[PDB]
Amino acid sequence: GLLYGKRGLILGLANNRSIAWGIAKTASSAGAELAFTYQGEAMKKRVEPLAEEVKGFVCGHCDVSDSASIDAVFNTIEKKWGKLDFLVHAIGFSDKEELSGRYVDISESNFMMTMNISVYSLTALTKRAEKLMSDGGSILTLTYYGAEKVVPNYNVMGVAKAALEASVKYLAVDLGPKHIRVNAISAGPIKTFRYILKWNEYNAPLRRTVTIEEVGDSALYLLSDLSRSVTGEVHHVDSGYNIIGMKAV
């Protein structure tokens, strides 16, 4: 019952294999009533049954690059609930092709789109969410170790996640006095790139990669009152990978 009576919005549920789904499954089981967005009709058809499974509801189309799209979603939530207890931001994009390259070869267009969709979107969603969380709440986003250290084939996404993590802290200072907490989970890679997985599997302290159910439980903590004195935190849920400085010999 850690989220009994709580109402939350999850952005980014695209399928039943994602972190967002892990979070939705755990939050729902913990008592949360959940609202879900989608982008495009194809995704809507995928999300509807997932929402039903969790006794949640689909609150509308959201393109985070479209300001009016975001306003419509929050207007719908305001009408249905009047208040919001938490928000999960599991959204990020970067050009698949340019990930394999050298960071220095990225295009301006990919850089800008990555920053907008993967970083600015959290700030945009939070600006609209603030009015609905007058009582307090919890905002969670997702990040990755590539923000801190150079990881192959993460390139601009690493730069973006570094920006995101810094924004989590600035947001935490802005919203702290209203008791809205803002935190990130730094998730290890998830068996759902084969190089990054295997590397984690053999070198992470726990000798396995993490699952969406595990990231889900860590999200539950950060979303619930158990974490009511935690804000501005980048929380590693990665089998301890982030602490190693070199392979064992």
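The first residue of the shown sequence is 1; numbering continues from there.
Going from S67 to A68, you skip over nothing: the modelled chain follows the deposited sequence without a break.
The PDB entry records a higher mean C-alpha B factor for 4-12 than for its counterpart among 4-12 and 240-248.
Higher mean CA temperature factor, per the PDB entry, when comparing 107-115 with 144-152: 107-115.
Within the selection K161, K131, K169, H179, the deposited Cα B-factor values reach their highest point at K131. The PDB entry assigns its highest CA temperature factor, among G216, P205, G56, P189, to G56. When the modelled residues of the chain are ordered by their C-alpha B factor, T26 lands in the middle third. Among the modelled residues of its chain, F193 has a C-alpha B-factor that falls in the highest third according to the deposited record.
In the PDB entry, a CA B factor belonging to the lowest third of its chain's modelled residues is recorded for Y221. In the PDB entry, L125 places in the middle third of its chain by CA B-factor. Among the modelled residues of its chain, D85 has a C-alpha B-factor that falls in the middle third, as given in the PDB entry.
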